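Asker: Here it is: the structure, laid out below.
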Amino acid sequence: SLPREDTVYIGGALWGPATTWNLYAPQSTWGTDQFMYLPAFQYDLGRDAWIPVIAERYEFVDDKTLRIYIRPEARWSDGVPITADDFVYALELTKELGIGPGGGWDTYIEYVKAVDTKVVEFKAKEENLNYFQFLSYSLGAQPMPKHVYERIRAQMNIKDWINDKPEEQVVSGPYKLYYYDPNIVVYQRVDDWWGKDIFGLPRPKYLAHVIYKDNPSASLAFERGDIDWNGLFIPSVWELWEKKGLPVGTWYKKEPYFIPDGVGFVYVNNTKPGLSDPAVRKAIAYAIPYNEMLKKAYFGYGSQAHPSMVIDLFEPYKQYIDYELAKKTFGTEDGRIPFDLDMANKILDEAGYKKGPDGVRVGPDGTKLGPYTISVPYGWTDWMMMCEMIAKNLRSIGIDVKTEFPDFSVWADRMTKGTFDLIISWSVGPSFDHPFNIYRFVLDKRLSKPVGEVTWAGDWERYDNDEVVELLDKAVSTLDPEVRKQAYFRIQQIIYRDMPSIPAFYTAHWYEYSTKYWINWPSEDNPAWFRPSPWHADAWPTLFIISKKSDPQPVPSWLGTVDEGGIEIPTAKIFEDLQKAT
Ligand SMILES: OC[C@H]1O[C@@H](O[C@H]2[C@H](O)[C@@H](O)[C@H](O)O[C@@H]2CO)[C@H](O)[C@@H](O)[C@@H]1O
């Protein structure tokens with residue numbers, strides 16, 4: 001019963017049921033992090049700059065001490081000021097509970113301290129000084145409402161709290177929950193949002209997400225005009241406007257249609273017998289039919305990933321790849337891993353795996369290579385097809401793998417708790433600290449948890465290597481790019497030796513829009529925000545950029561770097577200030 005012209009309908013972001021609106025719970029509902037809880041500074045990948053959001057300003061006291069000045073206007077939706085205590089509390093709670101925003105901060109941050117009501121100070125750890133992580137955890141810090149969470153902690157386990165009462169929801173963002181049921185989640189704009197005199201208001205009054213069971217049903221809704229903002233895999237997407245003449249668009253009008261999101265992996269659980277052998281993981285890498293699955297399953301919307309984990313779609317990242325090592329190791333022109341079942345079988349043969357009567361390999365200890373599952377969420381039809389193609393090839397070489405596609409919530413539980421065998425999942429994307437970010441997320445045991453315990457922070461596969469930890473600790477102890485590069489090069493040697501999990505393809509930043517009710521969507525022709533996908537962590541500025549068709553507004557004046565006429569601080573300026581404070 002929502003007003004259509006004041007509602008943005010969304011697809012491809014929420015899969016399975018609503019769970020909670022609590023970032024410390026094992027699962028929370030799409031929209032919670034994106035729109036309800038904002039950071040100190042919002043990183044802008046498109047401009048390589050930082051929007052001062054809850055923060056007004058930063059200051060380096062020295063190269064290891066960063067003060068963040070909170071806007072006087074920054075205020076929770078219940079009227080309580082956002083204070084330095086809220087920043088300290090959020091991070092200390094994440095450390096205590098082993099889950100929540102800012103996971104891992106305490107590895108590279110010595111302290112977070114409320115030096116005044118509106119001033120928070122972060123101090124870098126010097127033992128393993130890491131300037132990227134220092135900046136990431138400090139500038140990107142997300143406060144959480146201490147006064148709310150302490151009340152909850154007195155009543156119950158914070159992990160059990162649903163936070164599902166609209167009137168009582170205490171948020172820092174411009175939206176909060178309005179309504180939900182088994183078929184929809186709806187958010188409503190906070191009209192007296194604290195940021196209204198700095199950022200304006202987002203244009204939609206409501207954000208609604210009907211819960212579709214699969215891609216085909218979501219696609220049908222999109223074709224009917226019932227989804228405005230979509231983050232969906234869509235086969236033959238160009239035909240929506242070329243053949244069907246629908247008022248629909250993507251970032252690119254021509255192929256590949258989508259900008260890149262990150263790196264999709266075949267994650268292989270290192271804790272399971274058989275899968276714990278690097279030889280088996282290497283064999284799996286050679287048995288993935290990269291080219292065929294990316295054409296048939298992925299419609300050419302993304303290409304094969306480089307095994308270094310570096311996103312070589314961007315020229316400036318190519319310096320971080322030891323191409324000679326990759327070429328030497330894999331025998332291909334660029335060092336990508338070839339699809340080669342002969343090689344996969346050879347690897348298993350040379351590791352002492354012999355096929356038994358049923359055709360399944362048994363190791364020299366003799367661990368049987370199966371039964372295993374490969375799993376992705378039901379309805380994610382592109383990934384499901386990839387899984388089927390991969391599983392069949394693995395069965396061919398004597399690894400007993402079958403597909404299993406449970407509801408998203410169940411899949412996510414098994415991934416985060418590390419009870420899976422194989423899955424396809426995401427990792428990280430292009431960023432100011434790439435490829436440090438992907439090595440940290442995928443390879444760092446410190447971000448993992450025991451099997452049975454939830455981690456959203458990293459290392460789902462439970463890879464355990466102490467040399468990687470040492471290399472991550474030294475990679476950015478100075479800003480000399482050569483030190484970083486050599487750390488990355490050695491990590492790459494370790495990746496090829498251990499095959500902790502398999503970088504497979506560059507994931508698409510799924511993003512489609514309808515112009516029927518909402519206009520000025522970011523695109524190649526209007527590149528106002530480079531992370532517009534409705535499920536992306538950094539989606540929120542999109543909602544300030546779009547207008548109602550019947551009420552067009554100008555571009556928000558705060559957008560753009562300081563030199564361009566907005567309020568965004570270039571990453572280069574932050575590093576300039578850091579070096580100057582040394
Ligand atoms: O391509 C697989 C699948 O992706 C779905 O979007 C995912 C996205 O790929 C993932 O990185 C992010 O963390 O979650 C979103 C969903 O919130 C997309 O909705 C599907 O159509 C697609 O099959």
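Ligands are numbered from 1 in the order shown, chains are lettered A, B, ... in the order of the structure tokens, and residues start at 1 in each chain.
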Write out as a ChimeraX atom specification the residues lying within 12 Å of residue 68 of chain A, counting only C-alpha atoms and excluding same-chain residues fewer than 4 positions away.
Answerer: /A:39-41,52-61,83-84,87,112-123,135,137-141
Asker: Give me the chain A side of the contact with ligand 1, cut-off 8 Å, one line per residue showing its nearest atom pair and distance in Å at one decimal, counting only C-alpha atoms and all ligand atoms, sorted by chain and residue number, as JSON lines.
Answerer:
```
{"residue": "A:11", "atom": "CA", "partner": "ligand 1", "partner_atom_place_in_ligand_line": "19 (O)", "distance": 7.1}
{"residue": "A:12", "atom": "CA", "partner": "ligand 1", "partner_atom_place_in_ligand_line": "19 (O)", "distance": 3.4}
{"residue": "A:13", "atom": "CA", "partner": "ligand 1", "partner_atom_place_in_ligand_line": "17 (O)", "distance": 3.5}
{"residue": "A:14", "atom": "CA", "partner": "ligand 1", "partner_atom_place_in_ligand_line": "17 (O)", "distance": 5.4}
{"residue": "A:15", "atom": "CA", "partner": "ligand 1", "partner_atom_place_in_ligand_line": "17 (O)", "distance": 6.6}
{"residue": "A:30", "atom": "CA", "partner": "ligand 1", "partner_atom_place_in_ligand_line": "17 (O)", "distance": 7.1}
{"residue": "A:214", "atom": "CA", "partner": "ligand 1", "partner_atom_place_in_ligand_line": "21 (O)", "distance": 7.7}
{"residue": "A:215", "atom": "CA", "partner": "ligand 1", "partner_atom_place_in_ligand_line": "21 (O)", "distance": 5.4}
{"residue": "A:231", "atom": "CA", "partner": "ligand 1", "partner_atom_place_in_ligand_line": "19 (O)", "distance": 5.4}
{"residue": "A:232", "atom": "CA", "partner": "ligand 1", "partner_atom_place_in_ligand_line": "21 (O)", "distance": 3.5}
{"residue": "A:233", "atom": "CA", "partner": "ligand 1", "partner_atom_place_in_ligand_line": "21 (O)", "distance": 3.9}
{"residue": "A:234", "atom": "CA", "partner": "ligand 1", "partner_atom_place_in_ligand_line": "21 (O)", "distance": 6.9}
{"residue": "A:261", "atom": "CA", "partner": "ligand 1", "partner_atom_place_in_ligand_line": "11 (O)", "distance": 7.4}
{"residue": "A:262", "atom": "CA", "partner": "ligand 1", "partner_atom_place_in_ligand_line": "11 (O)", "distance": 7.9}
{"residue": "A:298", "atom": "CA", "partner": "ligand 1", "partner_atom_place_in_ligand_line": "1 (O)", "distance": 8.0}
{"residue": "A:379", "atom": "CA", "partner": "ligand 1", "partner_atom_place_in_ligand_line": "23 (O)", "distance": 6.6}
{"residue": "A:380", "atom": "CA", "partner": "ligand 1", "partner_atom_place_in_ligand_line": "23 (O)", "distance": 3.4}
{"residue": "A:381", "atom": "CA", "partner": "ligand 1", "partner_atom_place_in_ligand_line": "23 (O)", "distance": 5.2}
{"residue": "A:382", "atom": "CA", "partner": "ligand 1", "partner_atom_place_in_ligand_line": "23 (O)", "distance": 5.3}
{"residue": "A:383", "atom": "CA", "partner": "ligand 1", "partner_atom_place_in_ligand_line": "2 (C)", "distance": 5.5}
{"residue": "A:425", "atom": "CA", "partner": "ligand 1", "partner_atom_place_in_ligand_line": "11 (O)", "distance": 7.3}
{"residue": "A:426", "atom": "CA", "partner": "ligand 1", "partner_atom_place_in_ligand_line": "11 (O)", "distance": 5.3}
{"residue": "A:427", "atom": "CA", "partner": "ligand 1", "partner_atom_place_in_ligand_line": "11 (O)", "distance": 7.9}
{"residue": "A:507", "atom": "CA", "partner": "ligand 1", "partner_atom_place_in_ligand_line": "9 (O)", "distance": 6.9}
{"residue": "A:508", "atom": "CA", "partner": "ligand 1", "partner_atom_place_in_ligand_line": "9 (O)", "distance": 7.1}
{"residue": "A:509", "atom": "CA", "partner": "ligand 1", "partner_atom_place_in_ligand_line": "9 (O)", "distance": 7.2}
{"residue": "A:510", "atom": "CA", "partner": "ligand 1", "partner_atom_place_in_ligand_line": "6 (O)", "distance": 6.7}
{"residue": "A:534", "atom": "CA", "partner": "ligand 1", "partner_atom_place_in_ligand_line": "17 (O)", "distance": 8.0}
{"residue": "A:535", "atom": "CA", "partner": "ligand 1", "partner_atom_place_in_ligand_line": "17 (O)", "distance": 4.9}
{"residue": "A:536", "atom": "CA", "partner": "ligand 1", "partner_atom_place_in_ligand_line": "12 (C)", "distance": 6.9}
```
Asker: According to DSSP computed on the backbone, where in segment 307-381 of chain A is there alpha helix (DSSP H)? Give the residues as a list in words.
Answerer: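 Residues of segment 307-381 of chain A classed as alpha helix (DSSP H): residues 323, 324, 325, 326, 327, 328, 329, 330, 341, 342, 343, 344, 345, 346, 347, 348, 349, 350 and 381 of chain A.
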Asker: Near segment 525-532 of chain A, within 6 Å and counting only C-alpha atoms, which residues show up once chain neighbours fewer than 5 positions away are dropped, as an mmCIF file with N, CA and C atoms, in the first residue's frame?
Answerer:
```
data_model
loop_
_atom_site.group_PDB
_atom_site.id
_atom_site.type_symbol
_atom_site.label_atom_id
_atom_site.label_comp_id
_atom_site.auth_asym_id
_atom_site.auth_seq_id
_atom_site.Cartn_x
_atom_site.Cartn_y
_atom_site.Cartn_z
ATOM 1 N N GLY A 46 35.231 5.422 -6.797
ATOM 2 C CA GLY A 46 35.207 6.112 -8.095
ATOM 3 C C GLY A 46 36.143 7.298 -8.178
ATOM 4 N N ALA A 539 26.719 1.507 -1.169
ATOM 5 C CA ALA A 539 25.660 1.918 -2.109
ATOM 6 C C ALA A 539 24.999 3.257 -1.811
ATOM 7 N N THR A 542 23.997 6.633 -3.884
ATOM 8 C CA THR A 542 23.087 6.478 -5.022
ATOM 9 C C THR A 542 21.723 7.130 -4.763
#
```
Asker: Which residue out of A:506, A:62, A:559, A:209 has the minimum interatomic distance to residue 256 of chain A when only C-alpha atoms are used?
Answerer: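 Closest residue, counting only C-alpha atoms: A:506.
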Asker: For each of A:378, A:193, A:540, A:111, take the minimum atom-to-atom distance to residue 76 of chain A, counting only C-alpha atoms, then give the residue where this is smallest.
Answerer: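 Comparing A:378, A:193, A:540, A:111 against residue 76 of chain A, the winner is A:193.
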Asker: Determine the nearest neighbour of residue 331 of chain A from the options A:343, A:263, A:148, A:397, counting only C-alpha atoms.
Answerer: A:343
Asker: What does the distance between atom CA of residue 486 of chain A and atom CA of residue 280 of chain A come to in Å, to one decimal place?
Answerer: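 Separating atom CA of residue 486 of chain A from atom CA of residue 280 of chain A is a distance of 27.8 Å.
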Asker: With only C-alpha atoms as the basis for distance, which of A:360, A:266, A:82, A:321 is at the shortest distance from residue 485 of chain A?
Answerer: A:321
Asker: Pick from A:398, A:324, A:576, A:264: nearest to residue 303 of chain A, with only C-alpha atoms counted?
Answerer: A:264
Asker: Using only C-alpha atoms, determine which residues lie at most 9 Å from residue 415 of chain A, disregarding the query and same-chain residues fewer than 2 positions distant; provide the list as a ChimeraX atom specification.
Answerer: /A:410-413,417-420,423,425,454-455,460-461
Asker: Would you mind exporting the chosen residues as a PDB file, in the first residue's frame, restricted to N, CA, C and O atoms?
Answerer:
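Ended up saving to selection.pdb:
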```pdb
ATOM      1  N   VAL A 410      20.876 -20.506   5.100  1.00  0.00           N
ATOM      2  CA  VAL A 410      21.558 -21.756   5.431  1.00  0.00           C
ATOM      3  C   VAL A 410      22.954 -21.808   4.806  1.00  0.00           C
ATOM      4  O   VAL A 410      23.931 -22.163   5.466  1.00  0.00           O
ATOM      5  N   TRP A 411      23.042 -21.447   3.530  1.00  0.00           N
ATOM      6  CA  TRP A 411      24.334 -21.313   2.869  1.00  0.00           C
ATOM      7  C   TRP A 411      25.284 -20.371   3.614  1.00  0.00           C
ATOM      8  O   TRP A 411      26.461 -20.694   3.825  1.00  0.00           O
ATOM      9  N   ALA A 412      24.773 -19.206   4.007  1.00  0.00           N
ATOM     10  CA  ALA A 412      25.593 -18.224   4.709  1.00  0.00           C
ATOM     11  C   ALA A 412      26.064 -18.760   6.064  1.00  0.00           C
ATOM     12  O   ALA A 412      27.210 -18.541   6.447  1.00  0.00           O
ATOM     13  N   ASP A 413      25.193 -19.480   6.764  1.00  0.00           N
ATOM     14  CA  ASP A 413      25.549 -20.109   8.037  1.00  0.00           C
ATOM     15  C   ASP A 413      26.722 -21.087   7.833  1.00  0.00           C
ATOM     16  O   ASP A 413      27.697 -21.070   8.577  1.00  0.00           O
ATOM     17  N   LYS A 417      30.467 -20.237   9.273  1.00  0.00           N
ATOM     18  CA  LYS A 417      30.889 -21.191  10.308  1.00  0.00           C
ATOM     19  C   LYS A 417      31.919 -22.224   9.820  1.00  0.00           C
ATOM     20  O   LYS A 417      32.403 -23.035  10.603  1.00  0.00           O
ATOM     21  N   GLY A 418      32.245 -22.203   8.532  1.00  0.00           N
ATOM     22  CA  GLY A 418      33.249 -23.100   7.994  1.00  0.00           C
ATOM     23  C   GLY A 418      32.881 -24.570   8.066  1.00  0.00           C
ATOM     24  O   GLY A 418      33.763 -25.416   8.229  1.00  0.00           O
ATOM     25  N   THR A 419      31.593 -24.882   7.939  1.00  0.00           N
ATOM     26  CA  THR A 419      31.148 -26.284   7.868  1.00  0.00           C
ATOM     27  C   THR A 419      30.993 -26.797   6.423  1.00  0.00           C
ATOM     28  O   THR A 419      30.778 -27.996   6.201  1.00  0.00           O
ATOM     29  N   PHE A 420      31.111 -25.896   5.452  1.00  0.00           N
ATOM     30  CA  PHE A 420      31.111 -26.254   4.030  1.00  0.00           C
ATOM     31  C   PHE A 420      32.325 -27.104   3.612  1.00  0.00           C
ATOM     32  O   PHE A 420      33.320 -27.187   4.336  1.00  0.00           O
ATOM     33  N   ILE A 423      32.559 -24.052  -1.814  1.00  0.00           N
ATOM     34  CA  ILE A 423      31.538 -23.083  -2.205  1.00  0.00           C
ATOM     35  C   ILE A 423      32.127 -22.172  -3.263  1.00  0.00           C
ATOM     36  O   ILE A 423      33.341 -22.130  -3.430  1.00  0.00           O
ATOM     37  N   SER A 425      32.133 -18.110  -3.525  1.00  0.00           N
ATOM     38  CA  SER A 425      31.739 -16.887  -2.829  1.00  0.00           C
ATOM     39  C   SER A 425      32.633 -15.725  -3.241  1.00  0.00           C
ATOM     40  O   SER A 425      33.557 -15.874  -4.050  1.00  0.00           O
ATOM     41  N   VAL A 454      30.863 -18.131  13.724  1.00  0.00           N
ATOM     42  CA  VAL A 454      30.673 -17.243  12.575  1.00  0.00           C
ATOM     43  C   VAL A 454      31.835 -16.260  12.371  1.00  0.00           C
ATOM     44  O   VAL A 454      32.226 -15.541  13.295  1.00  0.00           O
ATOM     45  N   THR A 455      32.385 -16.231  11.157  1.00  0.00           N
ATOM     46  CA  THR A 455      33.187 -15.084  10.726  1.00  0.00           C
ATOM     47  C   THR A 455      32.669 -14.503   9.410  1.00  0.00           C
ATOM     48  O   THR A 455      32.505 -15.217   8.417  1.00  0.00           O
ATOM     49  N   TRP A 460      37.215 -17.655   5.389  1.00  0.00           N
ATOM     50  CA  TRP A 460      36.148 -18.640   5.542  1.00  0.00           C
ATOM     51  C   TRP A 460      36.663 -20.070   5.426  1.00  0.00           C
ATOM     52  O   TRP A 460      36.124 -20.971   6.057  1.00  0.00           O
ATOM     53  N   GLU A 461      37.699 -20.258   4.614  1.00  0.00           N
ATOM     54  CA  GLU A 461      38.242 -21.588   4.329  1.00  0.00           C
ATOM     55  C   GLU A 461      39.147 -22.116   5.450  1.00  0.00           C
ATOM     56  O   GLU A 461      39.611 -23.256   5.382  1.00  0.00           O
TER      57      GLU A 461
END
```
Asker: List as a ChimeraX atom specification the protein and nucleic acid residues near residue 257 of chain A, meaning an atom at most 12 Å away when only C-alpha atoms are counted, but skip any in the same chain fewer than 2 places from it.
Answerer: /A:233-239,249-255,259-260,299-302,508-512,523-524
